[PDB]
Amino acid sequence: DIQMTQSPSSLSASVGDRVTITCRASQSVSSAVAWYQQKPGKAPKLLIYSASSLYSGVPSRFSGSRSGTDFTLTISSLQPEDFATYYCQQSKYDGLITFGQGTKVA
Amino acid sequence: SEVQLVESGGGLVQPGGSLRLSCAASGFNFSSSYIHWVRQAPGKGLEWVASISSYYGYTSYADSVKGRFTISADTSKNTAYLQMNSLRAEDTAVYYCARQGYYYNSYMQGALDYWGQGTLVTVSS
Amino acid sequence: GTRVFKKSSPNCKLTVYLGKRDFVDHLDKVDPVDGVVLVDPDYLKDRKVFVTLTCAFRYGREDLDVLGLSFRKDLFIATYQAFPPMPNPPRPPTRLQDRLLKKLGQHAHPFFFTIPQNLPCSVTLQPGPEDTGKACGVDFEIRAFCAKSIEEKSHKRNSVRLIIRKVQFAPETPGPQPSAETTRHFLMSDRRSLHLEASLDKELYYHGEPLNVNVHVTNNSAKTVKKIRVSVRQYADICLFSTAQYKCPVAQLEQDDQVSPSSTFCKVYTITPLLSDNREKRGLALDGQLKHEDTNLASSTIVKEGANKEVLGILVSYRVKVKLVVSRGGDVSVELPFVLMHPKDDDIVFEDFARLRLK
C-alpha cells in the first residue's frame with residue numbers, strides 16, 4: 001500500500017500559539033487527504049478534507065495547505081480544544097485508505 | 001434526524017478464533033455510501049482494515065488482513081458485517097465503523113465523516 | 001491510460017466529462033450515465049448547475065423552425081442537479097467519476113442517470129433526395145447548464161449540449177433456422193412447378209457480421225432460371241404522425257447461376273449488410289446521423305410491451321429476400337426475416353467529444 005509519513009510525532013505549544021504539522025507522501029497523491037483530531041479515548045473527529053477545505057464543528061483556526069507531494073496542517077491559535085492527536089490520511093483511490101503515525105500535540 | 005452509526009458484537013477470543021463485528025447504521029441509505037472499518041491498537045495510531053460498498057459489491061482489504069478478514073454488507077438490516085477469522089495477538093485493537101462523506105461543499109474523497117463508538121476486541125488465551 | 005470524453009460550452013465556464021459516448025442496452029438494463037460537470041468560478045455562486053437528459057422524438061426539421069418540428073416529443077426527461085448536491089446520491093460515485101474528481105479540483109460535481117429499458121434505441125432516418133419526406137429520429141441529449149432554477153431560460157451560449165446514442169444488444173440465442181419455402185405452379189405447367197428453399201444459418205446477427213443464406217432449388221417445369229438475386233432490403237416505418245413506409249434495398253448482390261428443367265441445385269451465399277458500403281441518404285434508417293462514420297445501419301427494434309411502439313419511436317426490421325429470374329413467365333421470390341443488433345492504474349486521456357468523420 002501507500003506509505004504515508006508524519007513528522008514530528010511529538011510537539012508542545014502554549015494556549016494562543018501557532019502550530020505546524022507536516023505529513024509526507026511516498027507517492028503522488030492528488031490533494032486527496034484529510035486530517036482527524038482524536039481526543040483521548042474517543043472516536044477520531046474530522047478536521048479538514050481535500051487538504052484545504054474546512055468542515056463543520058471545526059473552528060476556522062485550522063487550515064491545511066497542499067504544497068506538492070507533501071502535506072501540512074496549520075493552527076492559527078492553539079486552544080485547550082487542540083490537545084489531541086492529529087492523523088493525516090491518504091485517499092488516492094476509492095476503497096483504499098492509509099493513515100499516518102499521528103502527532104501528540106501536548 | 002441524525003446518522004447514529006453504532007457498532008457492537010466484539011468480545012474476547014483466543015488466537016485462531018472467530019467473531020462477527022456488527023455496524024448498525026441509520027439516517028441514510030446504505031447503498032450510496034462506502035463503509036470502512038478502521039482499527040486502533042492500544043496506544044498506537046489508527047490503521048485501515050477493509051471496506052465494502054453495498055451497491056457495487058466491491059470489497060477491499062488491508063495487506064495484513066488480506067485473507068483473514070471478511071467484510072459483508074446486509075442492506076436488509078441496514079448494516080455491514082466484518083467476520084474475522086484466524087485472530088492473533090496483534091488484532092487486539094479497538095475497531096471502528098466509518099462512512100465516507102459525499103458532499104459538504106466539495107467531494108471530500110475518503111474523509112470518513114461519521115465514526116462509531118468503537119468495539120474492543122481482546123485476543124488473549 | 002483510459003479514455004475520457006469531454007465537451008466544453010462556448011462559454012468555457014462550464015464543461016462536461018463522460019466515460020463513453022455510446023450506451024448499450026441489454027434488453028433488461030441500460031448502463032448508467034457516469035458524467036461529471038465542472039465549473040471553475042461557480043458562475044457567481046447564485047446558480048445551480050442542472051444537467052438535464054432528454055429523449056425526444058423528432059420529425060420535420062432540424063432548422064429549429066415550427067413547420068413539422070413542433071413534434072419535438074420528450075419521451076423521457078430527468079433533472080439531476082449537482083451544486084448544491086442534494087441529500088445523498090443515487091448510488092456511490094463510480095471509480096471513473098472519482099478519478100475524474102481527482103484529476104480535477106473541488107469545482108467538479110458528479111451527476112448520475114438511469115434510463116428505463118422501455119425507451120427507444122437511438123435511430124434516425126433521412127429520406128432520399130428528394131423523396132417527399134422529412135428528417136426524423138430519436139436522439140438523447142445532455143444539457144448541462146447553470147441557472148437559479150429548472151425552468152430558467154436555458155440558452156446555448158452558456159449551456160453545453162451533447163448527444164448520446166442508446167444502442168441495443170441481445171444474446172445470440174440459438175433459435176431455429178428461419179426457413180422460408182415456396183412452391184410456384186404455372187398455368188401451363190400441367191401440374192409441374194418450380195421448387196425453391198432458403199434458410200439463414202443464424203437468426204440474429206451483429207453489425208458487420210456476414211449473413212449466410214442457404215439455397216436449394218429443383219426444377220420440374222420446362223422453364224430455366226437465368227439468374228438469381230439476393231437482397232437485404234430494410235423495412236422502416238414512421239409510426240408517429242406519418243405513414244412513410246421506406247423500403248430502400250440497403251445491400252444487394254447479383255450472381256448468375258442457371259438451372260435447366262429436371263435439374264437440382266443447392267448452395268450457400270454470403271452477404272454483408274454494411275452502412276459504409278453506400279454512405280448515401282437513400283431513404284434508409286440509421287443508428288446515428290450519417291455525417292460521421294461511427295454509425296451503422298439502425299438496429300432492428302424489439303417491440304417489447306408497454307403500449308407497443310406507435311408513439312415510442314420509429315421501427316426498423318430487416319429480412320433477406322431472394323428471387324429467381326426464370327426465363328419467361330415469373331419472378332418468384334422469398335422472404336427470410338431476421339434481426340440485426342449492435343455487437344456486444346494509469347492516468348486519464350481527454351478525448352474530445354467531436355464525432356470524427358470524413359467530408
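We number each residue from 1, going along the chain as drawn.
We read in the header that electron microscopy, 3.5 Å was used to get this structure.
Placed from the backbone N, Cα and C atoms, the Cβ positions cover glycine too.
Now, the feature entries from Swiss-Prot:
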- C:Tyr43: phosphotyrosine (MOD_RES)
- C:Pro171: hydroxyproline (MOD_RES)
- C:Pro176: hydroxyproline (MOD_RES)
- C:347-357: motif '[DE]-X(1,2)-F-X-X-[FL]-X-X-X-R motif' (MOTIF)
Cβ-based isolation winner (fewest other Cβ atoms within 10 Å) among the modified residues C:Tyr43, C:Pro171, C:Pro176: C:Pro176
Residues in the motif '[DE]-X(1,2)-F-X-X-[FL]-X-X-X-R motif' (C:347-357) grouped by DSSP into helix, strand and remaining coil: 0 helix, 5 strand, 6 coil
Chain residues outside the motif '[DE]-X(1,2)-F-X-X-[FL]-X-X-X-R motif' (C:347-357) and at least six past its termini with a C-beta under 8 angstroms from it: 1-7, 18, 21, 99-100, 103, 162, 291-294
C-alpha spacing of C:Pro171 (hydroxyproline) relative to C:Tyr43 (phosphotyrosine), in angstrom: 47
Where the model skips 34 residues between C:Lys344 and C:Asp345, distance between their Cα atoms in Å: 25
DSSP state at C:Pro176 (hydroxyproline), helix/strand/coil: coil
